[PDB]
Amino acid sequence: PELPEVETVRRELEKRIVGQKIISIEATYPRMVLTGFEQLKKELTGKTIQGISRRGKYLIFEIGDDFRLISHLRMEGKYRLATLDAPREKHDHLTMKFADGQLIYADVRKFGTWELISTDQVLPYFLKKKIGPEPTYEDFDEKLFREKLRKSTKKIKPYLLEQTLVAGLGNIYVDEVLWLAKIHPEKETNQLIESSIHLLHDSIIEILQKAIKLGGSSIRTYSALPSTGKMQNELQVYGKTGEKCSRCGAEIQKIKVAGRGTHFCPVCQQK
DNA sequence: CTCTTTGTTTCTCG
DNA sequence: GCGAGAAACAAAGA
Ligand SMILES: [Zn+2]
């Protein structure tokens, strides 16, 4: 998932598990707990979930007064709230059991991670990750963004995917943002002029906030969190190879850019 | 059978 | 430091 999908999960879990005491924790794939599964089980069993926050694509469970469980869902991670008698599904890896249900994490590709750290370690953790600002008008300063683009020869799509200029874009929304802002994904960032950088800055905020409002993009339907979103109905280029651009009618093309499938309009996004 | 592709991140190699 | 390529892993399609 990308930031809008993680935010959607965050909001739905916040409604439902805040206040819940963790009765037990079980793992069939303990190695995805990078700080140690038995250590996490000992520390969090019996504690109450107080909140769920997010930073970029990372979920942050706030558990007890002093613990933060930082969860990254990577490519395929999925949470669901299940009954206590729910049967195991093949790629379920971890569960937190409550008195009246359980929170199960599944991940086909086993890429997602859990790390238990203390409250005062959370900001240093994300500083060490070099995560850029949240994609809001308040936090995403166009002036610094512009200065970073001016001094780089990186291509704009891979630079945006780094999470360092701004947090939260992945392959779907980077393609969507660059189409909206009329910028080719291979454009070297030091060639962007000020008005293009302004449109790109605003398009990043607008696309991601719209996707949040619409509950994320469901490219397939799944029996887990979140509830089926509506943003997939608004995608203009991602996965639309061979369909016509809604602005100019040219066929959307797909190329490979720094190892990633890349969807763009060749008319609207001039090389 | 092989090869490619996939919402992410982070590594080695030269 | 850089970019290219690949790894972690599983499943599906050509
Ligand atoms: Zn077009």
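Values below: every heavy atom of this structure, side chains too, minus hydrogens, waters and symmetry copies. The chains referred to below are lettered A, B, ... by the order of the sequence lines, with proteins before strands, and numbering in each begins at 1.
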Q. If you look at every heavy atom in A:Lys254 and A:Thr241, which pair is closest and at what distance?
A. CB-OG1, 3.5 Å
Q: Could you work out the separation of C:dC9 and B:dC11 based on their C1' atoms and round it to a whole Å?
A: 16 Å
Q) Which one is paired to C:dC9, where only Watson-Crick or G-U wobble pairs with both distances under 3.5 angstrom count? A) none
Q.
Using the side-chain heavy atoms of A:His72, tell me which of these nucleotides is nearest: B:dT6, C:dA11, B:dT8.
A. B:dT8
Q.
Tell me whether the side-chain N/O atoms of A:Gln163 come closer than 4.0 Å to OP1 or OP2 in B:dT9.
A. yes
Q) Counting just side-chain N and O atoms, does A:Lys256 come under 4.0 Å of either OP1 or OP2 of B:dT4? A) no
**Q.** Rounded distance (Å) that lies between atom P of B:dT6 and atom CG of A:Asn171
**A.** 7 Å
(Q) Checking contacts here: which listed nucleotide (C:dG3, B:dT9, C:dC9) is nearest the side-chain heavy atoms of A:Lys154? (A) C:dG3
Q. Quick one: are A:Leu44 and A:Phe67 in side-chain contact, heavy atoms under 4.5 Å?
A. yes
Q.
Test side chain to side chain donor-acceptor pair (under 3.5 Å) on A:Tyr173 and A:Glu5; report intermediate values, then the result.
A. CA-CA 11 Å; A:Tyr173 296 117; A:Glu5 288 76 30; 2.6 Å; yes
(Q) Given A:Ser53, which partner from the list A:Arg68, A:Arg10, A:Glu62 fulfils the side-chain hydrogen bond (donor to acceptor under 3.5 Å, both in side chains) test? (A) A:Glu62
Q. Over how many whole Å does the gap from A:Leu161 atom CG to B:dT9 atom P extend?
A. 9 Å
Q: For C:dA6 versus B:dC3, give the span between their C1' atoms, rounded off to a whole number of Å.
A: 16 Å
Q: Determine: side-chain N/O of A:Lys129 to OP1/OP2 of B:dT10, distance under 4.0 Å, yes or no.
A: yes
Q | Of the listed nucleotides C:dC2, B:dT9, B:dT8, the one nearest the side chain of A:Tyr58 | A | B:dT9
**Q.** Nearest-angstrom distance from the residue atom NZ of A:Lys78 to P of C:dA11
**A.** 13 Å
Q) Starting at CZ of A:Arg74 and ending at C1' of C:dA8, how long is that distance when rounded to a whole Å? A) 8 Å
(Q) So, does A:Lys155 get its side chain near the phosphate of C:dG3, meaning an N or O under 4.0 Å from OP1 or OP2? (A) no
Q.
In whole Å, measure the gap between the P atoms of C:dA7 and B:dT2 for me.
A. 16 Å
Q. Under 4.5 Å between side-chain heavy atoms, hopping through other hydrophobics if needed: is there a path connecting A:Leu225 to A:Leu84?
A. no
Q) Does A:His91 place a side-chain N or O at less than 4.0 Å from the phosphate oxygens OP1/OP2 of C:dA11? A) yes
Q.
Rounding to an integer number of angstrom, what distance separates C:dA8 and B:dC1 when you compare their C1' atoms?
A. 24 Å
(Q) Tell me the interatomic distance from A:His263, atom NE2, to B:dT6, atom P, rounded to whole angstroms. (A) 7 Å
Q. Can you tell me if the side-chain N/O atoms of A:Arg260 get under 4.0 Å from OP1 or OP2 in B:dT5?
A. no
Q: Determine: side-chain N/O of A:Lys57 to OP1/OP2 of B:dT9, distance under 4.0 Å, yes or no.
A: yes
**Q.** A:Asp100 bridged to A:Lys21 by N-O distance under 4.0 Å
**A.** no
(Q) From C-beta outward on A:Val108, which listed nucleotide comes closest to its side chain: C:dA8, C:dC9, C:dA11? (A) C:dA11
Q. In whole Å, what separates the P atom of C:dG5 from that of B:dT4?
A. 13 Å
(Q) Using whole Å, what does the distance between atom P of nucleotide C:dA8 and atom CG of A:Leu73 come to? (A) 21 Å
Q: Would you mind reading off the distance between A:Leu160 atom CG and B:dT9 atom P, rounded to a whole angstrom?
A: 13 Å
Q | Separation of atom CE in A:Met75 from atom P in B:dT10, rounded to whole Å | A | 14 Å
